[PDB]
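So the chains spell out like this:
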Amino acid sequence: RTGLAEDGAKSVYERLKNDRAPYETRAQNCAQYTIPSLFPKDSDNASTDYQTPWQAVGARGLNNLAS
Amino acid sequence: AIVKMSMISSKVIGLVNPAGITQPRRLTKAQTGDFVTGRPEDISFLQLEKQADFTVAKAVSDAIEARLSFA
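Residues numbered from 1 in each chain as written, not as in the entry; some residues may be left out. Chains lettered and ligands numbered in written order. Part of a larger assembly, values for the part shown. Heavy atoms only, no water.

What the entry reports as its method is cryo-EM, with 3.2 Å given for the resolution.

Next up, the structure:
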């Protein structure tokens, strides 16, 4: 393939995943304070309970904005 | 918690001060009227004075109910 593709899709994806980490962390925080189930963590899987937010306004606003 | 507090308040107990002179036996063995020797301050009833806690619990429960309701 060459030109931004010689190494391969897997290698470039792994390299770029490190630059995606801060966005994932901020998204996870935002999801946690709003509806947490929207943006689960990679480690998070079934059998995990999403403690609902205390404020319960971030979720309302998220739904309202999306709609 | 609120319902259990109400149930506790339902029970009525007549707290009579031993230092007084009112004896509950003559209060019980008496028809309507029927002047009986005693003093009103001798007989008293215990009460659930947990009132402010009731107000705060009611406020928080109402807030939770409102958010759930519009949700």
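## What to know about the overall build of chain A
Scanning chain A from N- to C-terminus turns up two helices and zero strands. The C-alpha radius of gyration computed for chain A amounts to 17 Å, which surpasses the reference 11 Å derived for 67 residues by more than 25%, pointing to a less compact arrangement than a globule. By principal-axis analysis of the C-alpha atoms, chain A measures approximately 50 × 30 × 20 Å. Looking at chain A residue by residue over its 67 residues, the buried ones come to 12%. For chain A, the accessible area works out to roughly 5,800 Å², and carbon and sulfur atoms hold 56% of it. (Helix = DSSP H or I, 4+ residues; strand = E, 2+ residues; numbered from the N terminus. Rg over C-alpha atoms; globule rule 2.2 N^0.38 Å. Buried < 20%, exposed > 50% of the residue type's maximum accessible area, 1.4 Å probe, protein only. Areas by Shrake-Rupley, 256 points an atom, 1.4 Å probe, with all protein chains shown as cover.)

## Quick look at the overall build of chain B
Each helix and strand in chain B was counted, giving three helices and two strands. When the helices and strands of chain B are read in sequence order from the N terminus, they spell out α-β-α-β-α. Overall size of chain B, expressed as C-alpha extent along the three principal axes, is 60 × 25 × 15 Å. Expressed as a percentage of its 71 residues, the buried residues of chain B come to 6%. For chain B, the proportion of contacts with a sequence separation of at least 24, taken over those separated by at least 6, is 62%. Carbon and sulfur atoms provide 60% of the accessible area of chain B, an area that totals close to 6,200 Å². Between the averaged position of the 9 positive side-chain charges in chain B and that of its 7 negative side-chain charges there is a distance of 8 Å. (Contact = heavy atoms within 4.5 Å. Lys, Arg positive; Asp, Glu negative; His and termini not counted. Charge placed at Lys NZ, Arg CZ, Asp CG, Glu CD.)

## Here we look at the side chain of B:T22
Residue and element names in this part refer to chain B. Here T22 is to be found in the loop between β1 (14–16) and α2 (24–28). In this structure the side chain of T22 is engaged in a polar contact, spanning 2.8 Å, whose partner is the backbone nitrogen of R39. Contact partners of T22, with chain neighbours within four places excluded, come to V16, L27, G38, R39, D42 and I43. (Polar contact = N/O pair within 3.5 Å; in protein donor to acceptor, adjacent residues only side chain to side chain.)

## Thoughts on unusual backbone geometry
Located in the positive-phi region is A:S47, a residue other than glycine, with phi close to 70°. Position of A:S47 relative to the elements: it lies in the loop between α1 (9–33) and α2 (58–66). Look at A:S47 and you get exposed, because its relative accessible area is 78%. Unlike most non-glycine residues, B:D34 shows phi in positive territory, near 55°.

## Observations regarding the pattern of salt bridges
Applying the stated criterion across every chain, the model contains three salt bridges over all chains. A salt bridge links A:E24 to A:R20, with the shortest nitrogen-to-oxygen separation between them at 2.3 Å. Of this pair, A:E24 and A:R20 both sit in helix α1, four residues apart, which is roughly one turn of that helix. For A:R20, a relative accessible area of 32% puts it in the partly exposed group. A salt bridge links B:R39 to B:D42; the shortest N-O distance between them is 2.7 Å. Residue classification places B:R39 among the partly exposed residues on the basis of a relative accessible area of 35%. (Salt bridge = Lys/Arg side-chain N within 4 Å of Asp/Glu carboxyl O.)

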